[PDB]
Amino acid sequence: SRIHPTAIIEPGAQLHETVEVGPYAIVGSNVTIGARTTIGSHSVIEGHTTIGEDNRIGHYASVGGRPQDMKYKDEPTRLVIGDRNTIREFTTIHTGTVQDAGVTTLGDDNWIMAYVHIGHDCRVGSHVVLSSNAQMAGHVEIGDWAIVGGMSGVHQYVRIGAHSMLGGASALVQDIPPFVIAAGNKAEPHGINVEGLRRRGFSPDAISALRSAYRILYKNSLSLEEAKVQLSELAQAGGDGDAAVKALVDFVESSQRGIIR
């Protein structure tokens, strides 16, 4: 049996014929699951939840549970998950709220370790690593390739930029710009994520441009507005780093909570 005889697939659940479901797991009536996804023993998949293909969901995974927001009134809010995600034990990923945009999202190729909590209305990209017991409150955005260290907590509405890194045992209450390492309680910036950018194929010129960008943003007493002018010009320098610097200034121009400093 691809579906264990002790699993409960509630009428209405839509599972591709190739989906495997382990013992004592439950799949709710409003769940849709794509090809080759596996669900481990004791997991509960619920909510108005769409899961993609080739996902490896472990034991005791709570996927699609309702928001922990006291304003939630049982609205059929949504959770959408892409492909090739690894989701480990004692994880929680919640659906959205009608006060925001009604949907929590997770992309592709993510690595979600044990005890990780993804609150209502989060938007997580692709190739993200969420280490053990990393916990995000509502409406957190996490860009592609970001790494969140273990036993870290992230405040509601915070944005974590693409290719950024949050050290373990950190408390993050403002935005991490893309490409930046942050750490501490509360978390502060500590340079460009050089090791990460090297492993991902960024050139020494692109990395060197981002080091300049970091200096401009943090180490010259520039106001955020003054920094944006300088960063915008650096983004047009004609170098390997142009696109990366443009992503940085687009992220800082759009910050709600402001950025860590």
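All residue numbers refer to positions in the sequence shown, first residue = 1.
- For the pair 142-150 and 71-79, the record assigns the higher mean C-alpha temperature factor to 71-79.
- On average the C-alpha atoms of 183-191 have higher B-factors than those of the other stretch, with 183-191 and 162-170 being the two compared.
- For the set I33, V63, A206, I26, the PDB entry assigns the largest Cα B-factor to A206.
- When the Cα B-factors of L197, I57, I45, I51 are read from the PDB record, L197 comes out highest.
- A101: CA B factor in the highest third of modelled residues in this chain (values from the PDB entry).
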